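Below you'll find only one chain, the form deposited in one PDB entry, shown as structure tokens.
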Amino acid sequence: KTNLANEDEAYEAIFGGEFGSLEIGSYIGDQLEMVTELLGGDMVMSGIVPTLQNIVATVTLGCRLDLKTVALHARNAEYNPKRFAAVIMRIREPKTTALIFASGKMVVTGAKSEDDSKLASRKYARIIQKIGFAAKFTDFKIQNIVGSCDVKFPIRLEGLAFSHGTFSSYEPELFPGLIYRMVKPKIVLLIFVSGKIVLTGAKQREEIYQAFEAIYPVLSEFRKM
């Protein structure tokens, strides 16, 4: 019943996964590799500070788009309408990917700052104007921010899963480590046994830091020694 050649289904899928738009790489190309790629930028409260690994933004271009025309005249662009009802377009700087729907909605991913996200988004809109559409850059919203961290010590995940069972789950079909669902701020932390962490669900980078600040004393209690 899930048919991604329908635009409403294709758009809803980017955001409808278990971890939301953290999984966007599945539509621009596995469960485990999608998370572990976020641990490999150039880097990843004792000198430890998170870093931004991905930002997902949405933009309304404001006109209906003919996707075959967009794909034809854009350089690095793929349009397989049977596989997925959107054009996949990439630019080199800021290195990003955009998904462009017939309704003029655009999803932009791959930037590591909020300013890079907005500039790349403006570039994709300009590319579509230059092909010959009444696109306008409107309604820029950052939808998700993914951060990563490394506390540089091993974690006794098995004690933490029990002690914080109310906020935690071990779901190996989804993730080999621990899925920590923080209440305030509302952030999902994917905790590996080695001490690396992926944080997701933020709308502002402050929430990434607040989630890390809250979880660091907890993980110290569970340092494997």
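Position 1 is the first residue in the sequence shown; the rest follow in order.
If you look for the form deposited with a partner chain bound, you will not find it shown, but the lines that follow are about it.
This chain is drawn without the partner chain; in the bound PDB entry, the residue among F133, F101, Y79, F137 with a heavy atom within 4.5 Å of it is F137. Just one of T69, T51, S163, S194 comes within 4.5 Å of the partner chain in the bound PDB entry, counting any heavy atom, and that one is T51. Using a 4.5 angstroms limit between non-hydrogen atoms, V107 is distant from the partner chain in the bound PDB entry.
Under a 4.5 angstroms non-hydrogen atom cutoff, the partner chain in the bound PDB entry lacks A111 among its neighbouring residues. When the partner chain is considered in the bound PDB entry, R126 lines it closely, a heavy atom lying within 4.5 Å. In the bound PDB entry, the partner chain sits within 4.5 Å of a heavy atom of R122.
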